[PDB]
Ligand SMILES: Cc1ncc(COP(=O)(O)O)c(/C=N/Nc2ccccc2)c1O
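Next up is one chain by itself, shown in structure tokens, the form solved without the ligand.
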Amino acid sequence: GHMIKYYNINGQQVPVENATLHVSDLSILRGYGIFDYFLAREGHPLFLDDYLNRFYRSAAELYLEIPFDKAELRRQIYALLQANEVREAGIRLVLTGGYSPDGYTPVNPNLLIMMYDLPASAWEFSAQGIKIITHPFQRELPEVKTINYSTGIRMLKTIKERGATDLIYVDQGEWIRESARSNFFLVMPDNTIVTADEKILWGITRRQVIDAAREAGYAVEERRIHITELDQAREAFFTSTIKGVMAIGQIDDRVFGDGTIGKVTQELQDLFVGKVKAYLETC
């Protein structure tokens, strides 16, 4: 495991210790930007075309022009894995509103490519379900992967104080959406998989799990989820790039099962790992 030595800023490889932005950048002053994050295994960013299509769609929703095409960004990503001499990594793309003249009006974005060790916790797939709280909130521009995590970060103290390790956002306290950094699923007692269809981020992991579940012949409903449906479900889980599929054992005082991982959630962990293995066989 070679230590990460380099990032890329605006197409230039830079040592990690010299990777800076001038304080006029609109990410610092105005929180204006998008990002993406994905893993690399065996030298290959996972589901890369899907992440990069999302990154370009996000940038278009903020009217931020990425300074070159998808194939050139992919070349820069691969060049950075080779420069760092790593096969196993986390990769962050950031696209800011740039060095604005007036601290508000965007200009040519700043583009950052950052690289990390593969998170040690990635796809841990604990048999013990996590404990989470509901929080009334709706993410702004939820289909765009903006850099805006204020509410999620501000809630870290309250989450920890209340005895939880994460949250789930409930729009108007009525409609189940997503966590600050994960998509959210239920499994009903008849094995129907349920997840929100609107006003959420369209996770790559969510997409792979829904596809894998539908190919295994599960019923998957993408629909509005009322809060009262937490009392009808057998299982609950999170999806994300780093979690894969993560069992939820308790939401408020609703305990799912004995709190350990449900049968469908564990099957979907194996199916997700199958999607990853299949992708790496195309690389």
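Rigid core: the largest C-alpha set superposing within 1.5 Å between the two forms. Residue numbers run from 1 along the displayed sequence.
A.B. asks: For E72, does the count of other compared entries lacking it reach at least a third?
C.D. replies: No; none of the other entries leave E72 out.
A.B. asks: Looking across the other entries that model both neighbours, is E140 missing in at least a third?
C.D. replies: Across the compared entries, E140 is left out in at least a third.
A.B. asks: Determine, for stretches 196 to 204 and 89 to 97, which one has the higher mean CA B-factor as deposited.
C.D. replies: Of 89 to 97 and 196 to 204, the stretch with the higher C-alpha B-factor average is 196 to 204.
A.B. asks: Taking only the CA atoms, which stretch has the higher mean B-factor in the record, 28 to 36 or 212 to 220?
C.D. replies: Comparing 28 to 36 with 212 to 220, the higher mean C-alpha B-factor belongs to 212 to 220.
A.B. asks: Among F68, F47, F237, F55, where is the Cα B factor highest in this entry?
C.D. replies: The record points to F68.
A.B. asks: Can you tell me which of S126, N148, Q76, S182 has the highest Cα temperature factor in the record?
C.D. replies: Answer for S126, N148, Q76, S182: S126, with the highest C-alpha B-factor.
A.B. asks: Can you work out whether the C-alpha temperature factor of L112 puts it in the lowest, middle or highest third of the chain?
C.D. replies: Its C-alpha B-factor, which the entry lists for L112, ranks in the lowest third among residues of this chain.
A.B. asks: Place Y169 in the lowest, middle or highest third of its chain's C-alpha B-factors, as listed in the PDB entry.
C.D. replies: It falls in the middle third of the chain.
A.B. asks: Relative to the other modelled residues in the chain, which third contains the C-alpha temperature factor of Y51: lowest, middle or highest?
C.D. replies: Bottom third by C-alpha B-factor.
A.B. asks: Against its chain's modelled residues, does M155's Cα B factor rank lowest, middle or highest third?
C.D. replies: Ranked within chain, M155 CA B lands in the middle tercile.
A.B. asks: Considering only modelled residues of the same chain, in which third does the CA B-factor of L62 rank: lowest, middle or highest?
C.D. replies: Its C-alpha B-factor, which the entry lists for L62, ranks in the lowest third among residues of this chain.
A second form of this protein, the form solved in complex with the ligand, is not displayed here; the remarks below concern that form.
A.B. asks: Using a 4.5 Å heavy atom cut-off, which stretch among 248 to 256, 217 to 225, 58 to 66, 37 to 45 contacts the ligand in the deposited complex?
C.D. replies: One stretch meets the cut-off, namely 37 to 45.
A.B. asks: Among the candidate residues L80, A122, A196, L167, which is the single one with a non-hydrogen atom no more than 4.5 Å from the ligand in the deposited complex?
C.D. replies: Residue within 4.5 Å of the partner: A122.
A.B. asks: Can you tell me whether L230 touches the ligand? I mean in the deposited complex, with a 4.5 angstroms heavy atom cut-off.
C.D. replies: Contact check for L230: no, nothing within 4.5 Å of the ligand in the deposited complex.
A.B. asks: Please run the contact check for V276 against the ligand in the deposited complex: heavy atoms, 4.5 angstroms, yes or no?
C.D. replies: Answer yes; at least one heavy atom of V276 falls within 4.5 Å of the ligand in the deposited complex.
A.B. asks: Does the ligand get within 4.5 angstroms of any non-hydrogen atom of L280 in the deposited complex?
C.D. replies: Contact check for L280: yes, within 4.5 Å of the ligand in the deposited complex.
A.B. asks: Please run the contact check for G244 against the ligand in the deposited complex: heavy atoms, 4.5 angstroms, yes or no?
C.D. replies: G244: contacts the ligand in the deposited complex.
A.B. asks: Shifts of 2 Å or more at the CA atom, core superposed, between the shown form and the other one: which of the listed residues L201, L111, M115, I159 is the one?
C.D. replies: C-alpha shift of at least 2 Å: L201.
A.B. asks: Is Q172 one of the residues whose Cα moves 2 Å or more between the shown form and the other one, with the core superposed?
C.D. replies: Shift of 2 Å or more: yes.
A.B. asks: Kindly indicate if, in the deposited complex, the C-alpha atoms of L201 and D211 are closer or farther apart than in the structure shown, bearing in mind the change is 3 Å or more.
C.D. replies: Distance between the C-alphas of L201 and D211: shorter in the deposited complex, by 3 Å or more.
A.B. asks: Looking in the deposited complex, decide if the C-alpha atoms of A120 and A164 are closer or farther than in the form shown; they differ by 3 Å or more.
C.D. replies: Farther apart in the deposited complex, by 3 Å or more.
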